[PDB]
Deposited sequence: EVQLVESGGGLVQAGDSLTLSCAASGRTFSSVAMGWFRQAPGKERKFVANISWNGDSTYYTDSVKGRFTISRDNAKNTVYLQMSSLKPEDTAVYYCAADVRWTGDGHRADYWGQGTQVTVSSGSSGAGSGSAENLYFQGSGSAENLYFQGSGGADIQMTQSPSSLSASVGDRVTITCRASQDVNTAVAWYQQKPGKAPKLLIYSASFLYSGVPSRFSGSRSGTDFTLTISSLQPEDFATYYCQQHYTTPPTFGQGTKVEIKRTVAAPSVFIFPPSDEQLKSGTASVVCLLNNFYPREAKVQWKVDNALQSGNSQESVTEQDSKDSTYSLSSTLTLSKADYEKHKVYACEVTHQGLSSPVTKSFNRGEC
């Protein structure tokens, strides 16, 4: 892969130059951009064009004067420069897979440069669907409609359990630095789509679109994406009360149902073959970022005294991954 720039020249102030960049290696799936550099000074970003051309963005100093175009059929990215000031005198570089970093821009591929000398003499984002569930390597789409035009002031954020929202897509179709290439953004007026092409067990999250076109910046309903896996039975374990808990007036008896799929499991407590009701509490974990499984804890909370009344303390589990119900138990007083 090589990017070759062509079109640089000597120009007087207020003239207009077009720079072409021939990309040979494909380029139609990645963001193309232009950087510029004055010798002795660090390389600085100029403009960017998203893979499909939906959106562009320009460094403040060139906005209104420069225009970034792109031909996916001709393998070219252009920069139409206008009303050129002498401060635009630099080496113009063309780059491939140009992404914001938090400190500046980065790129995968770079051109060799072409010298350019300028000689002085309330909005709502309606997200769809709210819930989504698909198998690994399936293409998923989250469509989010703005109430009025917001242009390309739209960002896509993924949020996983426990943690803070993470930036995936910016300016409707641009990928942030780090984000895998399976996520693509698209704009069509007020309609903004996010596409995860090859869904992965680590794409389990809630995704939100957000408009910062006006105050207030507003978020969408979100989309909880569930990753489907193969039917997997739970590993059932039984945990009696500690002696520490028994010194007080209570006894909690936890039944662990580790790593199962789908989430629907049934748990029944039995105390001396006597089925229990309204004395147990459930909690299910959030699906795994690695193996797409769920886990569940049914706690049977009784008094110190009642625990001393009965013998056997059984937990009975029912699931898709099982041909028959799993019972795990213990007798109080036995080692």
item	value
Deposited positions without coordinates, collected into consecutive stretches in sequence order	1, 27, 124-154
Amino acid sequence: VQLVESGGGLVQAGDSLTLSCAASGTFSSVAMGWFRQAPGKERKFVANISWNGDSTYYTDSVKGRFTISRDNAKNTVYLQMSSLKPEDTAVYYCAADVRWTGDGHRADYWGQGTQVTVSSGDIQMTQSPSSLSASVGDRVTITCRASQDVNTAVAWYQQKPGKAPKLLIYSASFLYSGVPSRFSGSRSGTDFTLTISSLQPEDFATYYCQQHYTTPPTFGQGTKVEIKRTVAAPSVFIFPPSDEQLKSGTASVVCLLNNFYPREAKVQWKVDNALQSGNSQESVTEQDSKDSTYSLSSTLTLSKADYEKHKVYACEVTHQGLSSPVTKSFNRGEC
From here on, numbers count along this sequence of modelled residues.
property: Mean temperature factor over C-alpha atoms, higher-scoring stretch between 141-149 and 247-255; result: 247-255
property: Of 67-75 and 163-171, the stretch whose C-alpha atoms average the higher B-factor in the entry; result: 67-75
property: Out of 34, 294, 57, 51, residue topping the C-alpha B-factor column of the entry; result: 51
property: 26, 61, 289, 283, ranked by C-alpha B-factor: the highest one; result: 26
property: Chain third (lowest, middle, highest) by recorded CA B-factor, residue given as residue 309; result: highest
property: B-factor third for the C-alpha atom of residue 231 within its chain; result: middle
property: Chain thirds of CA B-factor: placement of residue 179; result: middle
property: For residue 99, the third of its chain into which the C-alpha B factor falls; result: lowest
property: Chain-relative CA temperature factor third for residue 136; result: lowest
